[PDB]
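Q: What follows is a single structure, and I will ask about it in a moment.
The numbers here are math on the coordinates, done by the rules we state, and not lab data. Here the Cβ positions follow ideal geometry from the backbone for every residue, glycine too, while neighbour counts run over all protein chains shown.
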Amino acid sequence: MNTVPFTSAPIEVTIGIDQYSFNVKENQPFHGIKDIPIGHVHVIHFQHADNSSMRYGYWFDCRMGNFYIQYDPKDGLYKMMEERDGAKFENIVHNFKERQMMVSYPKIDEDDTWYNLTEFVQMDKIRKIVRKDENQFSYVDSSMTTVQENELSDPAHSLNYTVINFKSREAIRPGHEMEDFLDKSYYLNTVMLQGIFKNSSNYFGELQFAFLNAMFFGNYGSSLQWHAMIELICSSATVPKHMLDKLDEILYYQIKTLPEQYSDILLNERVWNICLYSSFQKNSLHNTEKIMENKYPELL
Amino acid sequence: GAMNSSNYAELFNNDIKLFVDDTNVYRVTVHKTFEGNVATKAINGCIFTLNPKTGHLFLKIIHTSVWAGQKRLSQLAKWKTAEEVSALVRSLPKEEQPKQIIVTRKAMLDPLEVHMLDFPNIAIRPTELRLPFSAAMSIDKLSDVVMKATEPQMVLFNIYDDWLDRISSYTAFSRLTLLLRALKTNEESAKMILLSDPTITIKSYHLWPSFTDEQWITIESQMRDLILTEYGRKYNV
Ligand SMILES: N#CCC(=O)Nc1cccc(C(F)(F)F)c1
């Protein structure tokens, strides 16, 4: 189990840690989060009490270093930093644990939610989508745009998701125009899986990361990416059977975790109705279709 | 974006553009089988690709053999149209290629856009106009060449005959759409109007009769009357 120490909490803020969240009052004696499960990526995220505008946060993996949070009063945000002095950090964390100034990562033992949402998500791939190579953790916020959004404007601050565009020469083989547009298997299996992602794990990991950025930060371009990657699979007639079964589990847990009140903005009616009721895979997503029909029958 | 009454004069500026109508691409007769089921028999069709400024009509005849062994023909017909339009553009010298293609039915947008990915600078546009190009097969010489075709074939026409010698392309297009709207609303009556007088003939190299300017005014008035009538006969007014 690992720990993320806070120098202090000078401004009132709602702090999220993965799917959990808690309020910290201005200058409350809060010194961080303990008992964070090793083995998973995590995200620690922030929404200031005074400006709900810009949710922002940091993807990290405690196996990759010792990280902490210090508020910066000039830039006006909680910043993640890395402590290279391991003896400093152990000494600083042990003091705050002894004074019980930390919240405990509150995982129920039965509960596989976070594993199920991050199964294929790796820090190394996050760091290629979110380019800031001097840090081991990755900052994301509500406003960051994607490479593809910028094509249709600061490149350093972009989400470099894999560009998917169903009406593009990458997606459509000359002479197979109608075939490739109505059945995207070529684009999924040859262009994206074999060519770009290399395997379905990396594909699922980017899909999961896009979903999480959409849910935790309201990142609109991430939501676009999540839906595009779903639609690319559902609109393919030929998909490995293990991919479909895993997709069904992935989406099931995403829909399960989505706040009931955010469904109106985080879920694209057209994509979901096409994927569940019209697409080649309309009958291959049983768990997802059942939870969607019982939790969001309005969308459908 | 979409073409409508507001931006109607754009059709007659000097940016090359084509209308594409796919209505007559996939044509069938519906009939009973011996067993008393229903079946279709395809007949020859055509893509109607028209330069509204010049009158040049690129009539790509669609021979029934292209449907042999195919499924979902109404969907294929859209993609076949887009394939043939894209092949037409590629066949034209660069300075003759259109800068816009306007499709008369929205279901042609995605097939044409995908076939024209190689031409990112050609705008593929819908229209809100209700253009009567489906009635092209009421023009006897166009119907004749479509029905006689034994193989795929492109035939070039000028749908305005020699009208542009005497009138503008706005006026020629308005005449054409009035003639075609009439032929679509009541073909027999429209054709009676156009041919009632045997002294006015159709030149071998033309589609429509050789009306004088005054006779066109009479003809045009008769077509409006026909369209208004049928609109009464239809709604009882
Ligand atoms: N001095 C100094 C800078 C510095 O590195 N301070 C620091 C390092 C590691 C953890 C912590 C925390 F627990 F207080 F948050 C603070």
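Q: What are the pairs with Cβ atoms under 6 angstrom where one residue, in region A:79-91, is of a type in the set (S, T, N, Q) and the other, located anywhere, is near the ligand (Cβ under 10 Å from one of its atoms) and not in a strand (DSSP E or B)? Sequence gap at least six, or different chains.
A: none
Q: Taking the conditions exactly as written (under 20 Å from the mean Cα position of the chain (by Cα) and crowded, with 16+ Cβ neighbours inside 10 Å), does A:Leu212 satisfy them or not?
A: yes
Q: Restricting to region A:282-300, name every residue that is surrounded by fewer than 19 Cβ atoms within 10 Å (Cβ to Cβ) and assigned to a loop (DSSP other than H, G, I, E, B).
A: Once the filter is applied, which keeps residues that are surrounded by fewer than 19 Cβ atoms within 10 Å (Cβ to Cβ) and assigned to a loop (DSSP other than H, G, I, E, B), region A:282-300 yields A:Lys282, A:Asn283, A:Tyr296, A:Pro297, A:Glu298, A:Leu299, A:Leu300.
Q: Can you tell me which residue within region A:74-109, out of those that are in contact with an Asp or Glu (Cβ under 6 Å, 6 or more places away or on another chain) and in a strand (DSSP E or B), is farthest from the ligand (Cβ to nearest atom)?
A: Step by step, filter region A:74-109, then rank; the result is A:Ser104.
Q: Conditions first: (1) under 19 Å from A:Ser142 (Cα atoms); (2) in a loop (DSSP other than H, G, I, E, B); (3) of a type outside the set (D, E, K, R); (4) within 11 Å of the ligand (Cβ to nearest atom). A:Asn51 passes all but one, so which condition is the exception?
A: Among (1) under 19 Å from A:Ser142 (Cα atoms); (2) in a loop (DSSP other than H, G, I, E, B); (3) of a type outside the set (D, E, K, R); (4) within 11 Å of the ligand (Cβ to nearest atom), A:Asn51 violates only (4).
Q: Right, next: Considering only region A:159-180, I want to know if a residue exists there that is aliphatic (A, V, I, L, M), on the phi < 0 side of the Ramachandran plot, in a helix (DSSP H, G or I) and away from chain B (no Cβ under 14 Å).
A: no
Q: In region A:3-13, which residues are in a strand (DSSP E or B) and more than 13 Å from the ligand (Cβ to nearest atom)?
A: A:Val13, the sole residue that qualifies.
Q: Taking region A:1-39 on its own, how many of its residues are surrounded by fewer than 22 Cβ atoms within 10 Å (Cβ to Cβ) and more than 15 Å from A:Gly57 (Cβ to Cβ)?
A: 20
Q: Right, next: Identify the single condition in (1) in a helix (DSSP H, G or I); (2) under 27 Å from B:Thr23 (Cα atoms); (3) not acidic (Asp, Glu) that B:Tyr205 does not satisfy, given that it satisfies every other one.
A: (1)
Yes/no matrix, rows are residues, columns are (1) crowded, with 17+ Cβ neighbours inside 10 Å; (2) of a type in the set (A, V, I, L, M, F, W, C); (3) touching a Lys or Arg at 6+ places or on another chain (Cβ under 7 Å); (4) at negative phi:
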position	(1), (2), (3), (4)
B:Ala135	yes, yes, yes, yes
B:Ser143	no, no, no, yes
B:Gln153	no, no, no, yes
B:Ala172	yes, yes, no, yes
B:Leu176	yes, yes, no, yes
B:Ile193	yes, yes, no, yes
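Q: For region B:75-111, which residues satisfy the criterion of being within 14 Å of chain A (Cβ to nearest Cβ), within 16 Å of the chain's Cα centre (by Cα) and not hydrophobic (A, V, I, L, M, F, W, C)?
A: Those that are within 14 Å of chain A (Cβ to nearest Cβ), within 16 Å of the chain's Cα centre (by Cα) and not hydrophobic (A, V, I, L, M, F, W, C): B:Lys78, B:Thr81, B:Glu84.
Q: Something else now. Across region A:14-43, what is the number of residues that are closer than 21 Å to A:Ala214 by Cβ and assigned to a strand (DSSP E or B)?
A: 8
Q: Restricting to region A:54-73, give me the number of residues that are in contact with a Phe, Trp or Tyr (Cβ under 9 Å, 6 or more places away or on another chain) and either of a type in the set (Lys, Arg) or within 16 Å of the ligand (Cβ to nearest atom) (or both).
A: The qualifying residues number 12.
Q: Related question: Here are some residues: A:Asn135, A:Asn116. Which one is within 18 Å of A:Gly65 (Cβ to Cβ) and not acidic (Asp, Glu)?
A: Just a single option satisfies the conditions, and that option is A:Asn135.
Q: Conditions first: (1) outside any helix (DSSP H, G or I); (2) surrounded by fewer than 22 Cβ atoms within 10 Å (Cβ to Cβ); (3) of a type in the set (A, V, I, L, M). A:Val239 passes all but one, so which condition is the exception?
A: Going through the list (1) outside any helix (DSSP H, G or I); (2) surrounded by fewer than 22 Cβ atoms within 10 Å (Cβ to Cβ); (3) of a type in the set (A, V, I, L, M), A:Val239 breaks only (2).
Q: Testing A:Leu247 on (1) among the hydrophobic types (A, V, I, L, M, F, W, C); (2) loosely packed, with under 15 Cβ neighbours inside 10 Å; (3) within 28 Å of A:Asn160 (Cβ to Cβ), one condition comes back false. Which one is that?
A: Just one mismatch for A:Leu247, condition (2).
Q: Which pairs have Cβ atoms under 6 Å, sit 6 or more apart or on different chains, and link a residue in region A:181-204 that is within 14 Å of chain B (Cβ to nearest Cβ) to one that is of a type outside the set (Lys, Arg) and surrounded by fewer than 21 Cβ atoms within 10 Å (Cβ to Cβ)?
A: Final answer for the pair search is A:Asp183/A:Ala237; A:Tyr186/A:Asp180; A:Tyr187/A:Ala171.
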